Each structure stands twice: as structure tokens, then as C-alpha cells.
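A.B. asks: This one's experimental. Sequence and coordinates below.
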Number of protein chains: 2
Amino acid sequence: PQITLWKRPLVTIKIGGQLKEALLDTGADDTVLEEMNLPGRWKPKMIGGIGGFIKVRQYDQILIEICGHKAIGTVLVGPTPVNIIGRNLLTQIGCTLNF
Amino acid sequence: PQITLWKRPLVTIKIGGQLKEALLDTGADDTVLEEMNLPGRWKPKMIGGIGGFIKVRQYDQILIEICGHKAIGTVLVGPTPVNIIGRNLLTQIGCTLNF
Ligand SMILES: CCOP(=O)(COc1ccc(C[C@H](NC(=O)O[C@H]2CO[C@H]3OCC[C@H]32)[C@H](O)CN(CC(C)C)S(=O)(=O)c2ccc3ncsc3c2)cc1)OCC
């Protein structure tokens, strides 16, 4: 669909079998979700944002559905203020910006 | 234009008489720019993201040209790691997300 930006671009995602709300974020290289239990192995990682660096759990090759579009890729889990879908998954669902 | 997300969506902008590179960021409510000495009045503000908050100066009714499309609105100036064009200005150039 065509999503305008007068409101935050929030969508429903399905991950690890559960529904969550997340922000489509073209300024995020990577997808970062709030603390959650995810099955699978993970490794410690660091990511930086506007205010500094945080510690996250990096889960590779995770299935995630974004408005009924399937993606499989890296998901970082940590103390982000909001669930954000980054370019690593936006590219998989074919998202582009247009003006 | 159409902007794919394989790479960070960086574009040229014109602000306060100067040219800069900035990120088109649907996850940003507001527009945040690297330190610059813009004329006029401003108000202090704190904006938060991953890693915490930064202190910024809020300037009102600032004109920015984004790839030829003009916008007028609030601009926040502070020690951000990158120039970020947020939804408050993206809406004005009619930028949408499409997948
Ligand atoms: C030189 C680089 O240095 P650097 O690496 C960090 O650079 C950066 C810093 C910030 C951004 C933009 C943000 N991206 C992000 O955090 O993405 C992370 C996940 O994927 C990775 O890729 C890029 C970073 C990693 C988001 O799009 C927008 N944010 C909000 C969301 C909800 C969190 S916002 O900026 O916090 C923001 C903007 C306006 C606003 N108005 C009111 S609130 C408010 C909050 C891109 C790059 O670390 C230095 C220590």
C-alpha cells in the first residue's frame, strides 16, 4: 500500500508467533525490537543511535511477517524505546520512498 | 523520485543558505540537524532515541529545500551523528512509503 507520513508509520508484525506493533523506519539500518523471548540461538551485539550505544541480542535468520509480507533476516532485541523495522527487512518486502 | 533502501536514503538539502546531506527518516517525528549557527530565536529541547537523549535547539518556520522540493517547519539543531529529515518535513514534500 501507499503509506503517508502525517501519523507515525506503525504496522502490525508477527514474530515468534506473536503480534506486535512496529515502526517502519527508513533511518534504521537494522531492525530492533523491545525485550521479548525469541526461540533460537543469539549473540551479544552493540548498536548505536541518536543518544549512544545499547547492548542487544542478535538473532539471525528469523521469520517475521510485516502486514502479511514475509521477511527472514536479522532481528536485534534490546532496550529500544520502540519496535523499529529497519532497511534490512524493508528491502525484503519491497519498500521504497517516493515523492 | 523513487528511492530504494539498499543503501542509507541520503539526499542533498539546502538550509540556511548551505548545502548538506541528510537522511530521509520515516522513523523520526521531527527533523534534527548537525550543529550550525542559524540566526534567530530558539528554544531548548531534549529528544530521545536509542541510547538516550540529546539536548537540541528548536528553531521554528525554517525553510529547507529537499531535492528541489521545498518545506517549512521546525528544525532541531544539536550534536546528532547525522542530519535527519523527519515526518514533519517529509509530509510537506509529499513523501510516502510504498510496498
Ligand atoms: C555516525 C553514526 O553514529 P551511530 O552509529 C548513530 O547514527 C544514527 C542515529 C539516529 C538515526 C535515526 C534513527 N535510527 C536508529 O536509531 O537506527 C538504529 C538502528 O539501526 C541502526 O542504523 C542506524 C542506527 C541504528 C531513527 O531512524 C530515528 N530515531 C527514532 C527511532 C524511533 C529510534 S532518532 O534518530 O532516535 C529520532 C529522530 C527525530 C526525533 N524527534 C523526536 S524524537 C526523535 C528521535 C540514524 C543513525 O552511533 C553513534 C553513537
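C.D. replies: Looks like it arrived, so ask away. Residues are numbered from 1 along each chain as shown, chains lettered A, B, ... in the order given.
A.B. asks: touching chain B at all, the biggest strand by length in chain A?
C.D. replies: Determined from DSSP state E, the single longest strand within chain A is strand A:52-66. Yes. Strand A:52-66 lies within reach of chain B by CB under 8 Å from any CB of the partner chain, at A:52-54. Heads up, the C-betas are built off the backbone N, CA and C, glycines and all.
A.B. asks: from the residues you listed, which is closest to residue B:86?
C.D. replies: Residue B:86 lies nearest to residue A:52 out of the residues of strand A:52-66 next to chain B, by CB to CB, at 19.7 Å.
A.B. asks: For beta bridges, what are the partners of the closest one?
C.D. replies: Assessed by DSSP bridges, residue A:52 has beta-bridge partners residue A:49.
A.B. asks: quick one on the thing from earlier: list, out of the residues of strand A:52-66 next to chain B, those positioned next to the ligand.
C.D. replies: When the residues of strand A:52-66 next to chain B are checked against the ligand using CB under 6 Å from any ligand atom, the ones in range are A:52-53.
A.B. asks: Counting neighbours, which of the residues of strand A:52-66 next to chain B end up buried?
C.D. replies: residue A:54 (16 or more other CB atoms under 10 Å in any protein chain shown).
A.B. asks: Mind putting the residues of strand A:52-66 next to chain B into TSV with distance to residue B:17?
C.D. replies: Converted to TSV, the residues of strand A:52-66 next to chain B look like this (distance: CB to CB, whole Å):
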residue	distance to residue B:17
A:52	32
A:53	34
A:54	37
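A.B. asks: Tell me the one of the residues of strand A:52-66 next to chain B nearest residue B:28?
C.D. replies: Nearest to residue B:28 among these, with distances taken as CB to CB, is residue A:52, at 17.1 Å.
A.B. asks: tell me the angle of the longest strand of chain A relative to strand B:52-66?
C.D. replies: 70 degrees (axes from the mean of the first three to the mean of the last three CA atoms, to 10 degrees).
A.B. asks: Buried residues, strand A:52-66. List them.
C.D. replies: Within strand A:52-66, the residues scored as buried using 16+ other CB under 10 Å are A:54, A:56-59, A:62, A:64, A:66.
A.B. asks: can you list the residues that contact that strand?
C.D. replies: Residues from elsewhere that reach strand A:52-66, judged by CB atoms under 8 Å, 6 or more residues apart in numbering or on different chains: A:11, A:13-16, A:22, A:31-32, A:38, A:40-48, A:70-80, A:85, A:89, A:93, B:50-52.
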